[PDB]
Every structure is written in C-alpha cells, then in structure tokens.
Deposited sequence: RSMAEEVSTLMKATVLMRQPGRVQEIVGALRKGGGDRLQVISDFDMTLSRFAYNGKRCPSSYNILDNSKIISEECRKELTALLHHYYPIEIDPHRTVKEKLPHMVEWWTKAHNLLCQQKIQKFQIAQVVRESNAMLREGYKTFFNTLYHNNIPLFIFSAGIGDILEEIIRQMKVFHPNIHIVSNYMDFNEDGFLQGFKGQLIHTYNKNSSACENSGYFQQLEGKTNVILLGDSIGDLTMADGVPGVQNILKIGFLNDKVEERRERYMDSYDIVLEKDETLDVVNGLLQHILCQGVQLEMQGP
C-alpha cells in the first residue's frame, strides 16, 4: 500500500501492475536503485502563477550573450526544423537526419559567438528557471541515500548544471548526460564535448554496481526510451508528467507510462515512492 499514489494528480491505467513494480523496487531497496530523469518540464516546472516557465533552450535563446543576428538565425532554424519534428506523418527515421542537422547547425552557430564559460552562470542567474516543488526533498534524499541520478537533456549541460548549482542542490550523486560546451584554455567556446545528444538518442548509451532497478521520470512520449542502453534492467517504473494538451494526450500517456502525473508541479509522488522504497531494505 502506497499512500502517495492516491494524490489527485495520479493516473494509472494498471494500478495492480504498478503495485507489483513498486513492490519489486521495494525489495531491491536503495542498493539496486538508480533514477533516470529528463530535465526540462520534468525536474523543472511547466508553469508558475499562470505563467509558462522557460526551457533550458529558452534560457539560452533569450539571453544577453546571444546577439540579435545569432538569435535570428536560431529562430529561422526553429521555424524550419520544428515543423519536421512534430510532423504527424513522418516516422522517427524520417525525422532523424533533420534533427541531427538542426542540432549540428545550432551548435555550430553557438561556436561562432564569443561565448565564455563564466557567462553561463550569469545567464542562469538572470533567468526565470524554476524547479518543481519538493526538489529539496528529491535531491537531498537521493544524495543522502547514495542513489545515482542521471539527468538527460539534449540541450546545453552547462545550463542545467548552473540551474541545479544555483538552487544549492548539485550533490555529487547527480550526473548530467547532455551536450557540454568545450572551452579552450582562454575560456572561449570552441565546440561541444562528447557525442552529440539530440532528441532521438537521449538515452543511457550516451553515458554501475548492480543498479538493476530504475525509476524513469519524463514529460514526453520520447522520454520513455531514456533507460534504453542500461544493461540487465530487472525492474523499471516509468512516471510521466502530463503538463499540456491534457485531453488530447491523456489516453496516450496513460497507455505508455506506468504512472501519469497530470498538471502536477510537484515531486510529491516521486518523493513518496522514493521514501517507500528506501525505507524497506
């Protein structure tokens, strides 16, 4: 019996199956647990006080480090490629090369600007970034219980890192899997480290001591693949935030996610399950 799953925001297509998965995670305990979470609109809020909260892309796109001309080119890239991303009549494989182009073109553009490492903190300090209510309990509980948290984003990892750092919850159990800026010795942006992470490879292959049990947190249908690449996953619980277009997407989300949290700007349910799992061996 999990009290937290009775919150008004909770939707479960198969509650009996959910209680089976939760009971399996309970028996594994913290020793076998890892959390794999998207960032934008999952750990960060969708809206606050009737106003939409920015994505990590918005924080960069509206920032003062980006010039007028560069912002115009980034906008033209979006008007070109975003309709491809959301085209209902194309398969993933018919969107994949264009998303790779979109990301490569945007990164190449950022590298033509004179971005310096210290400017990222300034961009975040002035932004309206907000984490979901209960983030202190979420990050603090994972850290004190030695639970690895992998945060996935196809955006800029330095931006995510500075948001969490400035909220005083960047504990060493946090591992951000994203596109990190590559700075030269002078501190100027010259490229991006590692392999490109775009919207279709935001999964664990971009990244363990018996971490067979997974809690997955996301807000998009694409986020369901984030744990793909984790070897020997014995149990997985997928929790999805349904923030927008609720009537159109509710049945889809309930079919795909084990637990759906509808218009819930808190981590209350995730924190309750975490406490339930960790407290029972």
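Annotation: deposited residues 1-5, 213-220, 295-302 are not represented by C-alpha coordinates in the model.
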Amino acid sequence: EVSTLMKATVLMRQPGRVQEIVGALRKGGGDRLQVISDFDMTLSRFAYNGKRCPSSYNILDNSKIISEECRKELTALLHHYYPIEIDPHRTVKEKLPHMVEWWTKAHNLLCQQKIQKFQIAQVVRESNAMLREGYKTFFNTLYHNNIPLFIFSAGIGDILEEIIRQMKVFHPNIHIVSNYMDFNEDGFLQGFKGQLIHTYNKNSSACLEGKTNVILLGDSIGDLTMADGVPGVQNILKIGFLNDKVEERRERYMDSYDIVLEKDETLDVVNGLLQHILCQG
From here on, numbers count along this sequence of modelled residues.
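Between 55-63 and 238-246, the higher mean Cα B-factor belongs to 55-63.
Stretches 46-54 and 32-40 differ in mean CA B factor, with 46-54 having the higher one. Sorting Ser220, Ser256, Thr225, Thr212 by the CA temperature factor given in the entry leaves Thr212 at the top. Ranking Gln190, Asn201, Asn173, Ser153 by the C-alpha B-factor listed in the PDB entry places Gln190 at the top.
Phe118 sits in the highest third of its chain by CA B factor, as recorded in the PDB entry. For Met6, the recorded CA B-factor ranks within the highest third of the chain. Only modelled residues enter the ranking. For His98, the recorded CA temperature factor ranks within the lowest third of the chain's modelled residues. Remark: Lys72 belongs to the highest third of its chain, ranked by C-alpha B-factor as recorded. Ranked by C-alpha B-factor against the other modelled residues of its chain, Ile147 falls in the lowest third.
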